[PDB]
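Enquirer: Below is the file target28.txt, with compact mmCIF, C-alpha atoms and all ligand atoms.
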# COMPACT_ATOMS: atom_id res chain seq x y z
CA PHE A 18 24.16 -3.96 -16.44
CA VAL A 19 24.41 -7.69 -15.33
CA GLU A 20 26.17 -6.83 -12.04
CA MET A 21 22.94 -5.11 -10.88
CA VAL A 22 20.51 -7.67 -12.33
CA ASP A 23 18.78 -9.67 -9.60
CA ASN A 24 20.14 -7.45 -6.82
CA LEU A 25 16.83 -7.47 -4.90
CA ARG A 26 15.46 -9.98 -2.47
CA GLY A 27 12.54 -10.19 -0.07
CA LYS A 28 9.72 -12.30 1.30
CA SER A 29 6.09 -12.31 0.26
CA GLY A 30 4.49 -9.22 1.86
CA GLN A 31 7.70 -8.09 3.58
CA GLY A 32 9.06 -5.75 0.81
CA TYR A 33 12.08 -5.63 -1.48
CA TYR A 34 15.53 -4.96 -0.26
CA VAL A 35 18.93 -4.32 -1.79
CA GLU A 36 22.29 -4.91 -0.10
CA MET A 37 24.03 -1.69 0.97
CA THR A 38 27.14 -0.80 3.03
CA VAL A 39 27.54 2.12 5.39
CA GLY A 40 30.70 3.69 6.92
CA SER A 41 34.44 2.90 7.03
CA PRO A 42 35.23 0.05 7.23
CA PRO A 43 31.98 -0.89 5.35
CA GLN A 44 29.07 -2.25 7.37
CA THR A 45 26.72 -4.31 5.18
CA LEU A 46 22.93 -4.04 5.68
CA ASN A 47 19.81 -5.14 3.83
CA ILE A 48 17.87 -2.00 3.02
CA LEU A 49 14.32 -1.89 1.82
CA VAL A 50 13.74 -0.20 -1.53
CA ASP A 51 10.92 2.34 -1.03
CA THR A 52 9.84 4.81 -3.72
CA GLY A 53 7.10 5.93 -1.33
CA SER A 54 9.41 7.97 0.90
CA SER A 55 12.55 10.10 0.95
CA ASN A 56 14.67 9.22 3.97
CA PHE A 57 17.64 6.93 4.18
CA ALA A 58 17.03 5.41 7.64
CA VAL A 59 18.60 2.40 9.30
CA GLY A 60 18.50 0.49 12.63
CA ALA A 61 21.28 1.54 15.01
CA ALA A 62 20.16 -0.28 18.15
CA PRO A 63 19.91 -4.02 18.77
CA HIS A 64 16.13 -4.37 18.30
CA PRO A 65 15.24 -8.02 18.76
CA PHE A 66 13.93 -8.48 15.19
CA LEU A 67 17.09 -7.14 13.56
CA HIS A 68 19.75 -9.35 12.10
CA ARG A 69 22.28 -6.50 12.04
CA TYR A 70 22.32 -2.79 12.77
CA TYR A 71 24.43 0.29 12.17
CA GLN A 72 27.18 0.65 14.73
CA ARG A 73 28.27 4.29 14.29
CA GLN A 74 31.08 3.87 16.86
CA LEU A 75 32.95 1.71 14.28
CA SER A 76 32.97 4.27 11.52
CA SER A 77 35.74 6.82 11.15
CA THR A 78 33.74 8.61 8.49
CA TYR A 79 30.63 9.06 10.62
CA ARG A 80 29.58 12.64 11.46
CA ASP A 81 26.85 13.68 13.84
CA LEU A 82 24.52 16.40 12.55
CA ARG A 83 23.25 16.85 16.16
CA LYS A 84 19.59 16.77 15.18
CA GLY A 85 16.82 14.21 15.62
CA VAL A 86 13.94 13.02 13.42
CA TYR A 87 10.50 11.86 14.34
CA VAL A 88 8.45 9.98 11.74
CA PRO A 89 4.95 9.03 12.88
CA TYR A 90 2.60 7.30 10.47
CA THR A 91 -0.79 5.69 10.56
CA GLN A 92 -0.05 2.68 12.70
CA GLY A 93 3.55 3.13 13.84
CA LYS A 94 6.58 5.36 14.25
CA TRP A 95 10.30 5.55 13.78
CA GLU A 96 12.64 8.01 15.47
CA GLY A 97 16.37 8.51 15.35
CA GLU A 98 19.45 10.63 15.07
CA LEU A 99 20.71 12.46 11.99
CA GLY A 100 24.29 12.17 10.76
CA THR A 101 26.33 11.52 7.63
CA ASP A 102 28.56 8.69 6.53
CA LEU A 103 29.88 6.96 3.42
CA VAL A 104 27.34 4.81 1.55
CA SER A 105 27.95 2.11 -1.14
CA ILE A 106 25.82 -0.42 -3.04
CA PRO A 107 27.83 -3.57 -3.81
CA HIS A 108 25.59 -4.90 -6.66
CA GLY A 109 25.20 -1.42 -8.18
CA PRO A 110 27.34 1.38 -9.64
CA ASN A 111 30.97 1.35 -8.59
CA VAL A 112 30.96 4.49 -6.44
CA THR A 113 30.82 5.56 -2.76
CA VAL A 114 29.00 8.62 -1.49
CA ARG A 115 28.50 10.74 1.61
CA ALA A 116 24.80 10.64 2.35
CA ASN A 117 22.45 11.69 5.14
CA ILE A 118 21.63 8.76 7.45
CA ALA A 119 19.01 8.50 10.13
CA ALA A 120 20.15 6.26 12.91
CA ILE A 121 16.90 4.71 14.07
CA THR A 122 16.91 4.52 17.81
CA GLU A 123 13.27 3.90 18.67
CA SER A 124 10.42 2.49 16.62
CA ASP A 125 6.94 1.03 16.84
CA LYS A 126 5.53 -1.39 14.27
CA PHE A 127 8.30 -0.45 11.93
CA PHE A 128 10.54 -3.54 11.79
CA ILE A 129 8.95 -6.75 10.64
CA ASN A 130 9.41 -9.77 12.90
CA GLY A 131 10.65 -12.39 10.44
CA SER A 132 11.98 -10.01 7.82
CA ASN A 133 15.54 -9.75 6.70
CA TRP A 134 16.00 -6.01 6.30
CA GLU A 135 17.33 -3.48 8.78
CA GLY A 136 16.67 -0.13 7.15
CA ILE A 137 14.71 1.76 4.51
CA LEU A 138 15.85 3.66 1.40
CA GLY A 139 13.65 6.64 0.62
CA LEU A 140 13.86 6.95 -3.19
CA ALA A 141 11.39 9.85 -3.58
CA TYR A 142 11.85 13.65 -3.33
CA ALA A 143 13.17 16.14 -0.81
CA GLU A 144 9.74 17.73 -0.29
CA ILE A 145 8.50 14.77 1.82
CA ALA A 146 11.86 14.09 3.46
CA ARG A 147 11.70 14.18 7.24
CA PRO A 148 12.12 16.52 9.05
CA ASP A 149 12.35 18.98 6.12
CA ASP A 150 13.49 19.37 2.51
CA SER A 151 16.95 20.53 3.53
CA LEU A 152 17.63 16.88 4.28
CA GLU A 153 19.03 15.73 0.97
CA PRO A 154 17.62 12.26 -0.02
CA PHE A 155 20.15 9.58 -0.89
CA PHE A 156 19.54 9.55 -4.63
CA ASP A 157 19.96 13.31 -4.89
CA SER A 158 23.39 12.86 -3.28
CA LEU A 159 24.41 10.06 -5.63
CA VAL A 160 23.73 12.06 -8.86
CA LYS A 161 25.24 15.27 -7.44
CA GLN A 162 28.47 13.55 -6.26
CA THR A 163 29.14 11.24 -9.20
CA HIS A 164 28.40 11.02 -12.93
CA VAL A 165 25.70 8.39 -12.32
CA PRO A 166 22.73 9.47 -14.44
CA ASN A 167 19.60 10.80 -12.70
CA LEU A 168 17.44 7.68 -13.17
CA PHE A 169 16.72 4.20 -11.78
CA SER A 170 14.32 1.47 -12.77
CA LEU A 171 12.74 -1.39 -10.90
CA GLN A 172 11.75 -4.88 -11.93
CA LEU A 173 9.89 -6.58 -9.11
CA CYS A 174 9.36 -10.24 -9.93
CA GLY A 175 7.57 -11.46 -6.81
CA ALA A 187 8.35 -17.31 -0.19
CA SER A 188 11.43 -15.75 -1.85
CA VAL A 189 10.74 -12.76 -4.09
CA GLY A 190 13.43 -11.23 -6.31
CA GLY A 191 14.05 -8.38 -8.70
CA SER A 192 16.45 -5.79 -10.02
CA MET A 193 17.10 -2.20 -9.25
CA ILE A 194 19.13 -0.73 -12.11
CA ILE A 195 20.77 2.38 -10.76
CA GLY A 196 21.90 4.76 -13.49
CA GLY A 197 20.22 3.24 -16.56
CA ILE A 198 17.83 0.84 -18.20
CA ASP A 199 18.52 -2.82 -18.98
CA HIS A 200 16.54 -3.79 -22.11
CA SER A 201 16.80 -7.49 -21.34
CA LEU A 202 14.44 -6.93 -18.42
CA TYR A 203 11.39 -6.01 -20.51
CA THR A 204 9.48 -6.69 -23.68
CA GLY A 205 7.77 -4.36 -26.17
CA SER A 206 8.11 -0.66 -25.49
CA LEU A 207 8.37 1.73 -22.56
CA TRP A 208 5.54 4.21 -22.34
CA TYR A 209 6.05 7.29 -20.21
CA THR A 210 3.75 9.15 -17.89
CA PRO A 211 4.84 12.50 -16.50
CA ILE A 212 5.78 12.89 -12.84
CA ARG A 213 3.12 15.43 -11.92
CA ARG A 214 5.05 16.87 -9.04
CA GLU A 215 8.40 16.11 -7.51
CA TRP A 216 7.48 14.97 -3.98
CA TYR A 217 6.24 11.39 -4.24
CA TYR A 218 6.17 9.80 -7.73
CA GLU A 219 2.82 11.39 -8.45
CA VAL A 220 1.03 10.51 -11.65
CA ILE A 221 -2.46 11.05 -13.08
CA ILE A 222 -4.75 8.14 -13.95
CA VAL A 223 -7.16 9.27 -16.65
CA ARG A 224 -9.37 6.23 -17.03
CA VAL A 225 -10.10 2.84 -15.46
CA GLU A 226 -11.50 -0.19 -17.22
CA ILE A 227 -12.44 -3.52 -15.78
CA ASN A 228 -12.84 -5.99 -18.59
CA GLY A 229 -12.41 -3.44 -21.37
CA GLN A 230 -15.40 -1.60 -19.92
CA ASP A 231 -14.95 1.91 -18.69
CA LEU A 232 -15.69 2.37 -15.03
CA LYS A 233 -17.03 5.71 -16.27
CA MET A 234 -16.36 7.82 -13.20
CA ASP A 235 -15.31 11.49 -13.16
CA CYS A 236 -11.56 11.03 -13.70
CA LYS A 237 -10.70 13.42 -10.81
CA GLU A 238 -11.92 10.69 -8.45
CA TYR A 239 -9.05 8.44 -9.59
CA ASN A 240 -6.38 10.88 -8.37
CA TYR A 241 -8.06 12.09 -5.18
CA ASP A 242 -6.18 13.34 -3.56
CA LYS A 243 -3.10 11.61 -4.95
CA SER A 244 -2.01 8.82 -7.27
CA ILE A 245 1.48 7.55 -6.65
CA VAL A 246 3.89 4.78 -7.51
CA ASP A 247 5.20 2.98 -4.41
CA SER A 248 7.53 -0.02 -4.14
CA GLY A 249 6.93 0.01 -0.36
CA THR A 250 3.18 -0.68 -0.65
CA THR A 251 1.90 -4.16 -1.52
CA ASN A 252 -1.67 -3.56 -2.72
CA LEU A 253 -3.24 -1.65 -5.46
CA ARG A 254 -4.84 0.75 -3.03
CA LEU A 255 -7.70 2.82 -4.59
CA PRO A 256 -9.50 5.84 -3.34
CA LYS A 257 -12.72 5.31 -1.48
CA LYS A 258 -15.43 5.98 -4.10
CA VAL A 259 -13.33 4.47 -6.88
CA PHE A 260 -12.63 1.43 -4.72
CA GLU A 261 -16.23 0.35 -4.16
CA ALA A 262 -17.05 1.25 -7.78
CA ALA A 263 -14.24 -1.10 -8.94
CA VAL A 264 -15.29 -3.68 -6.39
CA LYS A 265 -18.87 -3.36 -7.62
CA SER A 266 -17.68 -3.96 -11.20
CA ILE A 267 -15.19 -6.66 -10.17
CA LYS A 268 -17.86 -8.18 -7.95
CA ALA A 269 -20.13 -8.18 -11.03
CA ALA A 270 -17.63 -9.68 -13.53
CA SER A 271 -17.05 -12.38 -10.89
CA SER A 272 -20.74 -13.28 -10.53
CA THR A 273 -19.74 -16.73 -11.79
CA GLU A 274 -19.39 -17.40 -7.98
CA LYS A 275 -20.11 -15.75 -4.53
CA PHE A 276 -17.82 -14.58 -1.67
CA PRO A 277 -18.55 -12.71 1.61
CA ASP A 278 -18.40 -8.89 2.01
CA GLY A 279 -15.48 -8.97 4.47
CA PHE A 280 -13.28 -10.56 1.80
CA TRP A 281 -13.42 -7.68 -0.74
CA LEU A 282 -12.98 -5.44 2.32
CA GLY A 283 -9.67 -7.15 3.25
CA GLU A 284 -10.99 -8.83 6.41
CA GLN A 285 -11.14 -12.43 5.23
CA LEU A 286 -9.05 -14.81 3.17
CA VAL A 287 -10.69 -16.76 0.35
CA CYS A 288 -10.01 -20.46 -0.11
CA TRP A 289 -9.68 -22.77 -3.17
CA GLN A 290 -8.39 -26.31 -3.82
CA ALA A 291 -4.62 -26.68 -4.60
CA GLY A 292 -5.77 -28.92 -7.47
CA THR A 293 -6.76 -26.14 -9.93
CA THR A 294 -6.36 -22.37 -10.37
CA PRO A 295 -9.59 -20.94 -11.95
CA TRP A 296 -8.66 -17.29 -12.90
CA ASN A 297 -10.91 -16.76 -15.95
CA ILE A 298 -13.91 -15.64 -13.88
CA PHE A 299 -11.85 -12.58 -12.78
CA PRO A 300 -11.61 -9.31 -14.68
CA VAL A 301 -8.48 -7.73 -16.09
CA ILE A 302 -7.87 -4.24 -14.76
CA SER A 303 -6.67 -1.48 -17.03
CA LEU A 304 -5.31 1.82 -15.90
CA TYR A 305 -4.93 4.70 -18.33
CA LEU A 306 -2.16 7.11 -17.47
CA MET A 307 -1.59 10.57 -18.92
CA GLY A 308 0.77 10.43 -21.87
CA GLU A 309 3.79 12.59 -22.74
CA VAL A 310 1.76 14.57 -25.31
CA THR A 311 -1.41 16.69 -25.11
CA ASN A 312 -4.60 14.56 -25.41
CA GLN A 313 -2.53 11.31 -25.61
CA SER A 314 -2.64 8.45 -23.10
CA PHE A 315 -1.65 4.80 -22.74
CA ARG A 316 -2.93 1.93 -20.65
CA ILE A 317 -1.34 -0.62 -18.43
CA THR A 318 -3.14 -3.89 -17.89
CA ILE A 319 -2.86 -6.30 -14.97
CA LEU A 320 -4.09 -9.91 -14.77
CA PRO A 321 -5.82 -11.50 -11.76
CA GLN A 322 -2.57 -13.21 -10.84
CA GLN A 323 -1.39 -9.65 -9.98
CA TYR A 324 -4.25 -8.79 -7.56
CA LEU A 325 -5.10 -12.23 -6.12
CA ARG A 326 -2.07 -12.98 -3.94
CA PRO A 327 -1.48 -16.36 -2.24
CA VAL A 328 -0.85 -16.23 1.52
CA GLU A 329 1.77 -18.74 2.83
CA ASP A 337 -5.12 -22.45 -0.87
CA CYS A 338 -6.50 -19.05 0.18
CA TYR A 339 -5.50 -15.80 -1.59
CA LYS A 340 -5.71 -12.19 -0.61
CA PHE A 341 -7.65 -9.83 -2.85
CA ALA A 342 -4.77 -7.40 -3.12
CA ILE A 343 -6.85 -4.39 -4.11
CA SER A 344 -7.98 -2.36 -1.13
CA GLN A 345 -9.26 1.11 -0.25
CA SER A 346 -7.44 4.28 0.88
CA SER A 347 -7.69 7.66 2.52
CA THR A 348 -4.43 8.91 1.00
CA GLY A 349 -5.17 8.37 -2.69
CA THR A 350 -4.10 5.86 -5.26
CA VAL A 351 -1.05 3.77 -4.55
CA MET A 352 0.25 1.60 -7.33
CA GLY A 353 2.04 -0.95 -5.20
CA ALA A 354 3.66 -4.26 -5.96
CA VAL A 355 0.37 -5.45 -7.40
CA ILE A 356 0.81 -3.03 -10.32
CA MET A 357 4.61 -2.94 -10.27
CA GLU A 358 5.36 -6.67 -10.63
CA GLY A 359 3.52 -6.56 -13.92
CA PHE A 360 6.02 -4.16 -15.43
CA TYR A 361 9.50 -2.73 -15.74
CA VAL A 362 9.18 0.67 -14.12
CA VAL A 363 11.53 3.48 -15.01
CA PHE A 364 11.83 6.46 -12.77
CA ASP A 365 13.30 8.91 -15.26
CA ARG A 366 13.94 11.75 -12.81
CA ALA A 367 16.11 13.62 -15.35
CA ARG A 368 13.02 13.90 -17.50
CA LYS A 369 10.34 14.14 -14.85
CA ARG A 370 8.57 11.00 -16.07
CA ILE A 371 7.78 7.46 -15.17
CA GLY A 372 7.84 4.74 -17.79
CA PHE A 373 6.13 1.37 -17.96
CA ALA A 374 6.90 -1.70 -19.98
CA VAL A 375 5.66 -5.26 -19.83
CA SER A 376 8.10 -7.02 -17.47
CA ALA A 377 10.25 -9.94 -18.72
CA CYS A 378 9.80 -11.84 -15.44
CA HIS A 379 6.07 -11.39 -14.77
CA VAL A 380 3.76 -14.38 -14.25
CA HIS A 381 1.37 -15.20 -17.10
CA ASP A 382 -0.81 -18.07 -18.27
CA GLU A 383 -1.51 -18.98 -21.92
CA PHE A 384 -4.85 -17.04 -22.28
CA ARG A 385 -4.21 -13.45 -21.06
CA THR A 386 -1.13 -11.20 -20.47
CA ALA A 387 -0.06 -7.93 -18.82
CA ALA A 388 0.23 -5.19 -21.42
CA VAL A 389 1.38 -1.63 -21.99
CA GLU A 390 -0.52 -0.23 -24.97
CA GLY A 391 -0.98 3.12 -26.67
CA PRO A 392 -1.55 5.62 -27.92
CA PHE A 393 -5.12 6.46 -27.03
CA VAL A 394 -7.08 9.69 -27.31
CA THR A 395 -8.06 11.21 -23.93
CA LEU A 396 -9.31 14.76 -23.54
CA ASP A 397 -9.05 17.01 -20.48
CA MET A 398 -6.33 14.91 -18.90
CA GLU A 399 -5.04 17.81 -16.83
CA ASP A 400 -8.54 18.01 -15.33
CA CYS A 401 -8.04 14.61 -13.70
CA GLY A 402 -5.50 16.05 -11.29
CA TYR A 403 -6.46 17.43 -7.88
CA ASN A 404 -5.89 21.00 -6.64
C1 LIG B 1 3.18 1.12 5.84
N1 LIG B 1 4.25 0.88 4.85
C2 LIG B 1 4.04 1.17 3.56
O1 LIG B 1 4.92 1.03 2.70
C3 LIG B 1 2.77 1.87 3.18
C4 LIG B 1 3.26 3.24 2.63
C5 LIG B 1 4.66 3.72 3.16
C6 LIG B 1 4.71 4.17 4.49
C7 LIG B 1 5.90 4.62 5.05
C8 LIG B 1 5.94 5.09 6.37
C9 LIG B 1 7.15 5.54 6.91
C10 LIG B 1 8.32 5.53 6.13
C11 LIG B 1 8.26 5.07 4.82
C12 LIG B 1 7.06 4.62 4.27
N2 LIG B 1 7.03 4.18 3.01
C13 LIG B 1 5.89 3.75 2.44
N3 LIG B 1 5.99 3.34 1.17
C14 LIG B 1 5.63 0.44 5.11
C15 LIG B 1 6.33 1.30 6.17
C16 LIG B 1 7.83 1.24 5.87
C17 LIG B 1 8.33 -0.21 5.60
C18 LIG B 1 7.35 -1.18 4.87
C19 LIG B 1 5.89 -1.03 5.33
Would you write the structure of this file as structure tokens?
Expert:
Amino acid sequence: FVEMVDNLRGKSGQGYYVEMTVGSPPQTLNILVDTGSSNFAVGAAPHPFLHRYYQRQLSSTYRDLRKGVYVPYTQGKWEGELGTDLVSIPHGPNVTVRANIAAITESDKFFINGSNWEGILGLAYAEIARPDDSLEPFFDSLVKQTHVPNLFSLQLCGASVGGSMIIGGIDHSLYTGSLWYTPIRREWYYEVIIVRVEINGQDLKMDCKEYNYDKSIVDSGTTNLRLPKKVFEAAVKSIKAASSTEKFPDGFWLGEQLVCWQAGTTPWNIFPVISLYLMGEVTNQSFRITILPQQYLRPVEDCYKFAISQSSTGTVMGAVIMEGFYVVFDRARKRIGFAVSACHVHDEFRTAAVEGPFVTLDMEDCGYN
């Protein structure tokens, strides 16, 4: 798989993008890899923050579907025109496909001033595809129209960030130890169930249904470990406690202040490891993934951001979790797999782990209905 190794680039906080081409002749764009959504959507107008944008008038293989899409979200929108064209991924499988494409023609707080990407790649399922599930997501089209296997994996290494998106298989050189799989609970987002949370090998001891209220998902497009509300303060409370070897203001933990140290020495030890238990492949079986403080204390370009934060929408295992591990989205088998990443950052004392099996009863009761 070397061709696809290291095919991802980005900037701290600005996401991961892969190079893609659209239309005939090919028009190259940097597209952001997002497992949190299901639309393939790209800039078509000369927005001032865009380096490049899709010029449909140049493409003989462009086809208007004569329909629009409106995608509002919490603090922003994008809006555009549906059509189809031929899509290819240079540092990826050697194929070319006809995919749905949303020509973005108006947006608000969508493009990042500074960033170097011009569209988004929705890697999740039809159910959450805008405007409706009849709009076949890109990856569905790829597997349907070639012999590329129904799976992809992501190794986010994290100014310049890099990684790999291995379309069609798994590159063993990218991870150590063993993959452990958690089932994709439903095919809309990459929904999974967390069955237990420790902070310093010490159970948070909360009703496990809290952890997946209303949703726990895996999302390359989100930066933070975002936790649900109750869970969040409970973790904070425990994190706050394990970190009593020093004080910080309330606004910090709340993601309203930065927190400053001296570029002489990185402390680290006074911060707790976080363990998440995820439902295993078998009845009553689970496994745990373990992040270090390097994963959740993120330098801003010497003050870091506490990269765990609260949420209304559920749990979101963002880059914080994902850069710890090789993540395999085994869509063929309705499961997500986790292994200790080969490129993740680690000191000499502690390390990110994927360990099992453990015994965990009533795991299905941790889901929400
Ligand atoms: C707020 N953002 C998040 O990723 C949070 C969760 C998320 C929201 C989305 C909203 C609309 C379309 C796709 C989305 N994908 C996501 N993963 C991003 C918006 C898209 C580009 C990067 C910043």
Enquirer: Excluding same-chain residues fewer than 6 positions from residue 232 in chain A, what lies within 12 Å of it counting only C-alpha atoms, as a list in words?
Expert: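 The contact residues come out as residues 223, 224, 225, 226, 238, 239, 258, 259, 260, 261, 262, 263, 264, 265, 266, 267, 302, 303, 304 and 305 of chain A.
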Enquirer: Any residue with an atom at most 6 Å from ligand LIG 1 (chain B) counts, using only C-alpha atoms and all ligand atoms. Which are they? Put them as a ChimeraX atom specification.
Expert: /A:51,53-54,90,247,249-250
Enquirer: Between A:171, A:165, A:394, A:282, single out the one closest to residue 377 in chain A, counting only C-alpha atoms.
Expert: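 Closest residue, counting only C-alpha atoms: A:171.
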Enquirer: Write out as a ChimeraX atom specification the residues lying within 12 Å of residue 164 in chain A, counting only C-alpha atoms and excluding same-chain residues fewer than 2 positions away.
Expert: /A:110-114,157-162,166-168,195-197
Enquirer: Could the residues in this selection be saved with C-alpha atoms as a short mmCIF file (atom, residue, chain, number, x, y, z; two decimals), in the coordinates of the input?
Expert:
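Below is the file result-v3.cif, written as the result:
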data_model
loop_
_atom_site.label_atom_id
_atom_site.label_comp_id
_atom_site.auth_asym_id
_atom_site.auth_seq_id
_atom_site.Cartn_x
_atom_site.Cartn_y
_atom_site.Cartn_z
CA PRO A 110 27.34 1.38 -9.64
CA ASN A 111 30.97 1.35 -8.59
CA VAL A 112 30.96 4.49 -6.44
CA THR A 113 30.82 5.56 -2.76
CA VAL A 114 29.00 8.62 -1.49
CA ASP A 157 19.96 13.31 -4.89
CA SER A 158 23.39 12.86 -3.28
CA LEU A 159 24.41 10.06 -5.63
CA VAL A 160 23.73 12.06 -8.86
CA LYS A 161 25.24 15.27 -7.44
CA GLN A 162 28.47 13.55 -6.26
CA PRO A 166 22.73 9.47 -14.44
CA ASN A 167 19.60 10.80 -12.70
CA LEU A 168 17.44 7.68 -13.17
CA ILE A 195 20.77 2.38 -10.76
CA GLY A 196 21.90 4.76 -13.49
CA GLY A 197 20.22 3.24 -16.56
#
Enquirer: Choose the residue, out of A:188, A:170, A:101, A:132, that has the smallest atom-to-atom separation from residue 360 in chain A; count only C-alpha atoms.
Expert: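 For residue 360 in chain A, the nearest of the given residues is A:170.
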Enquirer: Near range 240-246 of chain A, counting only C-alpha atoms, which residues have an atom at most 7 Å away, once you skip same-chain residues fewer than 5 positions from it, shown as a VMD selection string?
Expert: chain A and resid 217 to 222 256 348 to 353 401 to 403
Enquirer: Hey, what's within 9 Å of range 289-297 of chain A if we count all atoms listed in the file and toss same-chain stuff fewer than 6 positions away? As a count of residues only, please?
Expert: 7
Enquirer: Which distance in Å separates CA of residue 389 in chain A and CA of residue 175 in chain A, to one decimal?
Expert: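 Computing the Euclidean distance for CA of residue 389 in chain A and CA of residue 175 in chain A yields 19.1 Å.
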Enquirer: Using only C-alpha atoms, which of the listed residues (A:150, A:329, A:23, A:135) sits closest to residue 108 in chain A?
Expert: A:23
Enquirer: CA of residue 120 in chain A and CA of residue 357 in chain A, how far apart in Å?
Expert: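 Value for the CA of residue 357 in chain A-CA of residue 120 in chain A distance: 29.4 Å.
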Enquirer: Might you pull out every residue within 10 Å of residue 89 in chain A, with all atoms listed in the file counted and same-chain residues fewer than 5 positions away left off, and present them as a ChimeraX atom specification?
Expert: /A:94-96,124-125
Enquirer: Using all atoms listed in the file, which of A:106, A:86, A:64, A:318 sits nearest residue 39 in chain A?
Expert: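 Using all atoms listed in the file, the shortest distance to residue 39 in chain A belongs to A:106.
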Enquirer: Counting only C-alpha atoms, which of A:69, A:126, A:315, A:341 gets nearest to residue 92 in chain A?
Expert: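 For residue 92 in chain A, the nearest of the given residues is A:126.
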Enquirer: What does the distance from CA of residue 109 in chain A to CA of residue 194 in chain A come to in Å, to one decimal?
Expert: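 Here the two named atoms are 7.3 Å from each other.
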Enquirer: Have a look at A:45, A:271, A:210, A:31 and name the one nearest to residue 313 in chain A; count only C-alpha atoms.
Expert: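 Among the listed residues, the smallest separation from residue 313 in chain A belongs to A:210.
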Enquirer: Around the point (20.1, 2.6, 15.7), in the coordinates given by the file, pick out the residues reaching within 8 Å, counting only C-alpha atoms, and return them as an MDAnalysis selection string.
Expert: chainID A and resid 59:63 70:72 97 120:123
Enquirer: Those same residues, written as a short mmCIF file (atom, residue, chain, number, x, y, z; two decimals), in the coordinates of the input with C-alpha atoms?
Expert:
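Dumped everything to selection.cif:
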data_model
loop_
_atom_site.label_atom_id
_atom_site.label_comp_id
_atom_site.auth_asym_id
_atom_site.auth_seq_id
_atom_site.Cartn_x
_atom_site.Cartn_y
_atom_site.Cartn_z
CA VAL A 59 18.60 2.40 9.30
CA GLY A 60 18.50 0.49 12.63
CA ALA A 61 21.28 1.54 15.01
CA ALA A 62 20.16 -0.28 18.15
CA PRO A 63 19.91 -4.02 18.77
CA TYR A 70 22.32 -2.79 12.77
CA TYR A 71 24.43 0.29 12.17
CA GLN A 72 27.18 0.65 14.73
CA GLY A 97 16.37 8.51 15.35
CA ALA A 120 20.15 6.26 12.91
CA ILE A 121 16.90 4.71 14.07
CA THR A 122 16.91 4.52 17.81
CA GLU A 123 13.27 3.90 18.67
#
Enquirer: Where atoms are missing, can you supply N, CA, C and O atoms for range 378-387 of chain A and output the lot as a PDB file, in the frame of the given file?
Expert:
ATOM      1  N   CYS A 378       9.863 -10.773 -16.450  1.00  0.00           N
ATOM      2  CA  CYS A 378       9.800 -11.840 -15.440  1.00  0.00           C
ATOM      3  C   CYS A 378       8.408 -12.045 -14.846  1.00  0.00           C
ATOM      4  O   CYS A 378       8.248 -12.824 -13.896  1.00  0.00           O
ATOM      5  N   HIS A 379       7.400 -11.366 -15.393  1.00  0.00           N
ATOM      6  CA  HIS A 379       6.070 -11.390 -14.770  1.00  0.00           C
ATOM      7  C   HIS A 379       5.349 -12.702 -15.068  1.00  0.00           C
ATOM      8  O   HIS A 379       5.627 -13.353 -16.083  1.00  0.00           O
ATOM      9  N   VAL A 380       4.430 -13.078 -14.176  1.00  0.00           N
ATOM     10  CA  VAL A 380       3.760 -14.380 -14.250  1.00  0.00           C
ATOM     11  C   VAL A 380       2.529 -14.303 -15.157  1.00  0.00           C
ATOM     12  O   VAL A 380       1.649 -13.453 -14.956  1.00  0.00           O
ATOM     13  N   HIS A 381       2.468 -15.203 -16.138  1.00  0.00           N
ATOM     14  CA  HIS A 381       1.370 -15.200 -17.100  1.00  0.00           C
ATOM     15  C   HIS A 381       1.021 -16.605 -17.583  1.00  0.00           C
ATOM     16  O   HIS A 381       1.902 -17.426 -17.874  1.00  0.00           O
ATOM     17  N   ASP A 382      -0.281 -16.858 -17.662  1.00  0.00           N
ATOM     18  CA  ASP A 382      -0.810 -18.070 -18.270  1.00  0.00           C
ATOM     19  C   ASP A 382      -0.755 -18.002 -19.806  1.00  0.00           C
ATOM     20  O   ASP A 382      -0.051 -17.168 -20.382  1.00  0.00           O
ATOM     21  N   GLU A 383      -1.499 -18.890 -20.461  1.00  0.00           N
ATOM     22  CA  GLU A 383      -1.510 -18.980 -21.920  1.00  0.00           C
ATOM     23  C   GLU A 383      -2.601 -18.095 -22.566  1.00  0.00           C
ATOM     24  O   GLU A 383      -2.441 -17.650 -23.702  1.00  0.00           O
ATOM     25  N   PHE A 384      -3.687 -17.855 -21.823  1.00  0.00           N
ATOM     26  CA  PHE A 384      -4.850 -17.040 -22.280  1.00  0.00           C
ATOM     27  C   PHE A 384      -4.659 -15.495 -22.314  1.00  0.00           C
ATOM     28  O   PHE A 384      -4.899 -14.853 -23.352  1.00  0.00           O
ATOM     29  N   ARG A 385      -4.277 -14.903 -21.179  1.00  0.00           N
ATOM     30  CA  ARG A 385      -4.210 -13.450 -21.060  1.00  0.00           C
ATOM     31  C   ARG A 385      -2.767 -13.021 -20.728  1.00  0.00           C
ATOM     32  O   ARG A 385      -1.890 -13.879 -20.547  1.00  0.00           O
ATOM     33  N   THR A 386      -2.496 -11.714 -20.703  1.00  0.00           N
ATOM     34  CA  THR A 386      -1.130 -11.200 -20.470  1.00  0.00           C
ATOM     35  C   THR A 386      -1.160  -9.737 -20.051  1.00  0.00           C
ATOM     36  O   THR A 386      -2.072  -9.000 -20.444  1.00  0.00           O
ATOM     37  N   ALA A 387      -0.190  -9.333 -19.228  1.00  0.00           N
ATOM     38  CA  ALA A 387      -0.060  -7.930 -18.820  1.00  0.00           C
ATOM     39  C   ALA A 387       0.453  -7.103 -19.998  1.00  0.00           C
ATOM     40  O   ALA A 387       1.396  -7.500 -20.677  1.00  0.00           O
TER      41      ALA A 387
END
